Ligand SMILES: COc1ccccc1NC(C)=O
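The chain below stands alone and is given as C-alpha cells, in the form deposited without this ligand.
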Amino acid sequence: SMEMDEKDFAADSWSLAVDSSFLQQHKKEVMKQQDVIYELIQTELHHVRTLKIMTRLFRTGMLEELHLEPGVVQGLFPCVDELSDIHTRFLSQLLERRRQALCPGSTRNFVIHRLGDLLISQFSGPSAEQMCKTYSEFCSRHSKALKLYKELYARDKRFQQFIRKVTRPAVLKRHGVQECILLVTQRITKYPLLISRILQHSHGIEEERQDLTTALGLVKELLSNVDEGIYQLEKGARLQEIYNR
C-alpha cells in the first residue's frame, strides 16, 4: 500500500477521517452513509494489499530465492495476477471517485453521493464475467494450494526458512500464506453486507437507492454463479472418484 492511501484510510471511520468542522456540516444520515462507504474502500485497499503480499512477497520471493519444481509456485498461488488486476482496477475507480469529491484546498474532506453506478459497472458485463471466471477457478484450487503449502513447509528446509524469514515482521502477523488465501476467498462474500448497509442510508436520492438495489442483486447473482461453479480439485484423484462425485 502507498503512504498517500494509507494515511487517507488510517482513521477508524469517515467521521474521524474528515475535519471536525466539515463533519458538522452534514446531516446524521449522510455521516452514516459515508462511514459505510469509507469501510468498503478501506477494506478494498487492505484486500489489494493482501494480493500484493501474495504476488510480490511470497510468489516473487520463491521464484528469485528458491529452486522449486515447475508448476509449484502456480499451484500455491493460483490466479493471483488475474485477481490482482480485477481488484487494483476496482480500487483505482473507488479512489478516483473519492478524489474528484474532495473540496478545493483539502486532501481529506469529501462526500461520495454516487457509488451505485460504479458498483453496477463492476458487477456487470465483461468485468463480472472475469470476476466469476477467476473466483470459480481460484476457489476450486483452494484446497490443492493449502495441501501443497503444508507438504513444502514440512519437507523442504529452504522453503521453511524462506517462510519464517518473510513472515517474521509484525506487520505480516495476519498474513501468512494460508491466511492470505482465506482472506481472498472470503472477500467476495463481504460485498453484499457492505452494499446492503450503504443502501440502508441512501434513501435521500431515489436514483441512488435504485442503483444500489440493482448493484446488490448483481453481486448476489455473481456469488451464486461462483458458488455453483466450484468443485475442489485434488492432486492424485482418479477419474473414477471424479465422475462418481
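Don't overthink the numbering: it's just position in the shown sequence, from 1.
Note that the form solved in complex with this ligand isn't included here; everything after this is about it.
Contact annotation for residue 167: none of its heavy atoms lies within 4.5 Å of this ligand in the deposited complex. Under a 4.5 angstroms non-hydrogen atom cutoff, this ligand in the deposited complex has residue 109 among its neighbouring residues.
Although the partner is absent here, residue 103 is a contact residue: one of its heavy atoms lies within 4.5 angstroms of this ligand in the deposited complex. In sequence order, 19, 21, 22, 25 are the residues of 9 to 38 having a heavy atom within 4.5 Å of this ligand in the deposited complex; the partner itself is omitted from this view.
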